[PDB]
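Overview (structure and organization)
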Amino acid sequence: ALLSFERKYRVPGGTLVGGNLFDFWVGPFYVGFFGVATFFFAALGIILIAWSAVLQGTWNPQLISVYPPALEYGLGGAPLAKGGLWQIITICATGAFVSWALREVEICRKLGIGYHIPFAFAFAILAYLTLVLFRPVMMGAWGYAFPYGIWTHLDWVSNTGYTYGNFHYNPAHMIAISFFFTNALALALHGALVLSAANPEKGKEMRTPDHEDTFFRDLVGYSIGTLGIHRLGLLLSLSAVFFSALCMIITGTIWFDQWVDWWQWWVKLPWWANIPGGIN
Amino acid sequence: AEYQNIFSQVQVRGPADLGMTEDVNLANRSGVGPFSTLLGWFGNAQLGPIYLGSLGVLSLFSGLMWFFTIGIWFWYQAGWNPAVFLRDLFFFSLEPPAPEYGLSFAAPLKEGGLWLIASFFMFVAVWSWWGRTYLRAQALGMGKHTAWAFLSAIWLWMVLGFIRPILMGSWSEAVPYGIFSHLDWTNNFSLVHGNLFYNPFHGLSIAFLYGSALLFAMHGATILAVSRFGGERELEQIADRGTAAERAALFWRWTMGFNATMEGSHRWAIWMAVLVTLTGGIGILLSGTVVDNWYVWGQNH
Amino acid sequence: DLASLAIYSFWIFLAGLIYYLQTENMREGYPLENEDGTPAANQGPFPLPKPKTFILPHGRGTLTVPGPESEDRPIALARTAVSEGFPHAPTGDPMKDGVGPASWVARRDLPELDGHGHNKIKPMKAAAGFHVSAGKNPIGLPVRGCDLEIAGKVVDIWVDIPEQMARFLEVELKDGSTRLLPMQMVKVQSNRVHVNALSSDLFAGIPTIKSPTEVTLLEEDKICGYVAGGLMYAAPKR
Ligand code: BCL
Ligand code: BCL
Ligand code: BCL
Ligand SMILES: CC[C@H]1c2cc3[nH]c4c(c3C)C(=O)[C@H](C(=O)OC)c4c3nc(cc4[nH]c(cc(n2)[C@@H]1C)c(C(C)=O)c4C)[C@@H](C)[C@@H]3CCC(=O)OC/C=C(\C)CCC[C@@H](C)CCC[C@@H](C)CCCC(C)C
Ligand SMILES: [Fe+3]
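- In the PDB header, X-ray crystallography is given as the technique by which the entry was determined, and 2.77 Å as its resolution.

In structure tokens form, the structure reads like this:
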């Protein structure tokens, strides 16, 4: 039921809504008001999916899929079986994500820590909302949103990208990929540093942050520092998801032609446009 | 405005830190570089010293010999004209030898031999640097984690440029050196193999790539949230658990019903990231050597 | 077929990895306990790992985990409900008693040492060559708590020597005694330092340190503990 040092923290207080009404745990799990919110929204959502299942016709998870209203419905409702179930599941998902965060805030207040986790989570929620609400709204239809199925959402990724040619040429999608890759770089590095300090050569004693700084300076002439690295992971992470939302918010809205062609602005600059030679 | 530990409010500076001496040969460490106040708001202000032994110079040199090779070629392709160079920078490309030459080193300089030269320079740059990775750690008596993890990155790179081209019988199968062209290469590789979305190793690899952003967001945020109890002093929190590590475990355990240890979290971390390139490289390595078409392969697993 | 051999092997290797990882992460806080300290019945499907031993570097000893677990300290709370899973009410003043978000751990009563075996953290005044290099120097600023009353004045900064970073402000009280505030819980502005966690009357309550030129891990916990706790517990006076 409890970790060996847990009791002293399990105190009353922290809640954002309802005072002591939902102030309790179930096994390891805290339970906000927002614990109840997330259960309700999630369970409803799941039921609606087990359901949308039987109306499309399966009980197999690689097949089950739930599509948004088709393009013709615009921004309006749609019969349950013809995409409104999706509309409602979306409301339910948003329901559960935002609650999960707010629940996180409550756990933070109880533990007396900072809000950095739920804040970070919020960037993920905003990426999702970009795909299922902000992009589709600015575009006229729930039909541009992606559908809920393990393999079908990949179909969507692929149709949406190839509609603009090779999606690589989306410049914001380029910044975003840099961030993902750099993040995974920093994550491998961070993990291996700390671990190579705590599990040194063998029979040898634990190294120190000075060793960690020293190792990095030896290797590359610089070392960000144990505070820095954690400031950096966070930034690299969130930046990646930020530019992800940017690269799709702008696609189908301010830019809708072949992304490759956008680069023509650079090459067509007066001082070098007409000069001959090179690739162009 | 409750404060967040994202930027330092006050920087503090002391005598330059020349670092720990362990079995390191101090003869090869430079002297300290300058102190960047800019850097200093976010992390450490100190630049250097850097250690540059013989293997370091080798790496830094062939490395520098990998980047002028591509660059003279890019400059040729520009017809020596500097405004063209800038204009067409992302367009230039150093392509490998055509399929006719298989694995032969014969192909003319201007039409594939330069590719091989740059590739050669790159090969010795990367492996010598890998050595550097292990050796700086040995001299410090530290574990070999960094080198093992770096090996995982090397795997993908090895497989794309070297192992896969060999197994497929030609250098034409390898990746060009250009910004746009390596992107084209990538899209085309997918098209020709029946769409990498059907490659289960591609999926795994995405899973860990996204997973890395998830974990590092979690981790970074967690450490910053308990930085009011010294949480970033992770090594000592490993040796003698404080309230920082307790309050962090317990946010996760109240949130999602299970948690990490200060040390453990770093194991999740090293593995999450490493598995991106581990799975990725396998997936590429099997493409065209064993599976011509992931769709097709998928229809039978 | 070789590629379905590869993917099958991988799922197996990945299951073994999650196993290794999850058990690695049980070297603290396990075995699980009931709210009263006794070993719980459902320990979960993962067994504890075989012990490992870190060698500590400055004659400072060993750590071996998993190992016998204990708070090594009284926990002034009592149950508020008749079954598992509810809050435990503070039986006293929770700030004073070190519970809730005012909790501290019974870490070692010595200081963290750098790689050279010196104290990791010193007040700047005894840190050779150390000075503020950028941003508003807090030293001499009045310190203001959340009641908007002045609780004292900054008299130095304690610095992490090897990482060259501010870790605490040393603050003086009407008294003439000082306390450490954690650097991360203060806002340095141009005419004051603002502390939202604590109200002017709670400063004297901040746990004090035994020597004026060093802090032990145990003392850092009590201090950090205490000021974070004020965000919940000073909220009436805020
Ligand atoms: C053929 C396809 C096209 C292409 C078309 C697209 C399209 C189309 C899109 C991307 C997007 C992305 N592409 Mg691209 N892309 C291509 C090639 C690449 C390559 C490559 C190596 O070549 C890379 C590295 C990338 C990388 C990327 C990223 C920048 C981004 C995906 C991450 C993201 O947004 O997450 C943010 C994270 C989320 C959205 C997840 C949100 C999680 C929510 C909040 C909570 C979920 C809770 C869950 C339900 C609970 C389950 C229960 C528990 C598990 C128990 N693309 C090719 C050229 N790419 C996407 C993007 O930018 O999105 C904004 C996008 O739409
Ligand atoms: C981000 C840009 C694109 C996108 C592009 C891709 C691509 C490209 C790929 C995936 C893949 C995945 N995507 Mg997707 N995906 C998108 C948005 C989502 C959303 C969402 C709520 O926004 C979810 C929940 C998922 C979920 C998934 C998983 C089924 C799979 C592995 C993800 C992962 O490990 O991430 C990191 C997260 C973790 C490691 C945490 C664990 C999360 C678990 C595994 C998610 C379980 C979801 C469950 C199956 C569905 C929820 C049902 C519940 C009962 C309600 N994607 C958008 C539309 N996604 C990969 C795949 O292999 O698909 C077959 C793949 O190649
Ligand atoms: C249309 C394009 C295709 C596609 C084709 C490919 C191809 C082809 C490949 C990938 C690969 C990947 N793709 Mg895919 N990809 C697509 C769609 C996606 C989508 C999506 C639809 O949203 C996503 C999220 C991804 C994501 C990914 C990554 C998980 C994976 C690369 C891992 C990595 O870290 O690489 C980056 C890491 C490296 C390149 C290793 C770098 C190591 C070397 C040693 C560094 C040398 C540095 C050198 C010295 C120069 C540096 C200079 C310095 C400043 C000093 N792809 C579509 C279907 N994708 C790779 C993979 O593994 O596939 C299975 C790959 O080969
Ligand atoms: C912003 C940086 C990155 C990030 C950060 C991040 N994620 C987070 C957090 C943070 C900081 C948490 O605190 C939180 C957490 O608790 O993690 C363990 C979380 C989380 N991120 C998660 C997943 C996730 N994050 C992703 C990505 C990212 N997360 C970014 C890369 C992805 C990707 C890349 O695909 C996924 C899949 C969860 C593990 C967790 C949130 C758990 C949660 O909100 O629980 C509430 C809801 C449910 C338990 C039930 C399901 C909801 C129902 C309404 C039905 C299903 C909806 C439908 C959309 C299904 C879609 C089907 C798919 C096939 C497409
Ligand atoms: Fe860490």
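So much for the structure itself; the text now carries on.
A closer look at the site of ligand 3
- Taken together, the neighbourhood of ligand 3 is formed by 24 residues, with B:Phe197, B:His202, B:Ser205, B:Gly280 and B:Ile284 sitting nearest.
- Residue neighbours of ligand 3 fall on chains A and B, so the site bridges chains.
- Within the side chain of B:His202, one N or O atom sits 3.2 Å away from a nitrogen atom of ligand 3.
- For the shell around ligand 3, the elements supplying multiple residues, two or more each, are α4 (152-162) of chain A together with α5 (145-167), α6 (179-192), α7 (200-225) and α10 (262-285) of chain B.
- Ranked by the residues each element gives to the shell around ligand 3, the list is headed by α7(B), at five residues.
- Taken together, the residues that form the shell around ligand 3 break down as 17 nonpolar, seven polar and no charged.

Side note on the coordination of the magnesium atom of ligand 2
- In this structure, the magnesium atom of ligand 2 receives exactly one donor atom from the protein: A:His153 (NE2), at 2.3 Å.
- Looking at the element boundaries, A:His153 is found in helix α4.

Some details on unusual backbone geometry
All names here are of chain C.
- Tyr-30 connects to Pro-31 through a cis peptide bond whose omega is 0°.
- When you line up the elements, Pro-31 lands in the loop between α1 (2-24) and β1 (52-55).
- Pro-66 follows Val-65 through a cis peptide bond whose omega is 5°.
- Positive phi values are uncommon outside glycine, yet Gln-164 reaches one of about 50°.
- With respect to the helices and strands, the residue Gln-164 is situated in the loop between β8 (150-160) and β9 (165-172).
- Residue classification places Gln-164 among the buried residues on the basis of a relative accessible area of 16%.

Considering helix α6 (residues 209-220) of chain A
- With 12 residues, α6(A) extends 16 Å between its outermost C-alpha atoms, agreeing within 8% with the 16 Å of an ideal straight helix rising 1.5 Å per residue.
- Restricting attention to buried positions, one finds in α6(A) the residues A:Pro209, A:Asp210, A:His211, A:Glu212, A:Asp213, A:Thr214, A:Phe215, A:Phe216, A:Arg217, A:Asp218 and A:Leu219.
- At its buried positions, α6(A) is contacted by α5 (171-198) of chain A together with α4 (113-140), α5 and α8 (234-239) of chain B.
- Count one or two residues on from α6(A) and you reach A:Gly221, which has phi positive near 90°.

Brief notes about the packing of aromatic side chains
- Per the stated rule, a full pass over the model turns up 54 aromatic pairs over all chains.
- The interplanar angle of 65° and the centroid separation of 6.3 Å between the aromatic rings of B:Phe105 and B:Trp171 together place this pair among those described as edge-to-face. A residue pair is termed long-range when its members are at least 10 positions apart, and B:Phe105 in the loop between α3 (82-87) and α4 and B:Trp171 in the loop between α5 and α6 qualify at 66 residues.
- The exposed category is assigned to B:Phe105, whose relative accessible area is 71%.
- You can call B:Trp171 buried: its relative accessible area is 8%.
- Arranged with centres 5.9 Å apart and planes meeting at 45°, the rings of C:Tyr19 and C:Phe46 form a pair that is tilted. Residue C:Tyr19 is located in helix α1, and its partner C:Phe46 is located in the loop between α1 and β1; the two are separated by 27 residues in the primary sequence.
- The cationic tip of B:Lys144 hangs over the ring face of B:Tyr134; the distance from NZ or CZ to the ring centre is 5.5 Å.
- Between C:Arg73 and the ring centre of C:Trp104, over which it is positioned, the NZ or CZ distance is 3.9 Å.

Describing the pattern of salt bridges
- For the structure on display, the rule yields 27 salt bridges over all chains.
- For the salt bridge of A:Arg217 with A:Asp213, the shortest nitrogen-to-oxygen distance reads 4.0 Å. Of the two residues, A:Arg217 and A:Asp213 are both situated in helix α6; the distance of four residues between them amounts to about one turn of the helix. An identical accessibility class is assigned to A:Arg217 and A:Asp213; each is buried.
- As a salt-bridge pair, B:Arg233 and C:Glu112 come within 2.6 Å of each other at their nearest N and O atoms.

Thresholds applied
- Residues numbered from 1 in each chain as written, not as in the entry; some residues may be left out.
- Chains lettered and ligands numbered in written order.
- Heavy atoms only, no water.
- Residues with missing side-chain atoms left out of burial classes, pairs and counts.
- Near = heavy atom within 4 Å.
- Polar contact = N/O pair within 3.5 Å; in protein donor to acceptor, adjacent residues only side chain to side chain.
- Helix = DSSP H or I, 4+ residues; strand = E, 2+ residues; numbered from the N terminus.
- Nonpolar A, V, L, I, M, F, W, Y, C, P; charged D, E, K, R; others polar.
- Donors = N, O, S within 2.8 Å, 3.2 Å for Na, K, Ca; no water.
- Buried < 20%, exposed > 50% of the residue type's maximum accessible area, 1.4 Å probe, protein only.
- Expected span 1.5 Å × (residues − 1).
- Contact = heavy atoms within 4.5 Å.
- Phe/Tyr/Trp six-rings, centres within 6.5 Å; stacked < 30°, edge-to-face > 60°.
- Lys NZ or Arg CZ within 6 Å of the ring centre and 35° of its normal.
- Salt bridge = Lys/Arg side-chain N within 4 Å of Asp/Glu carboxyl O.

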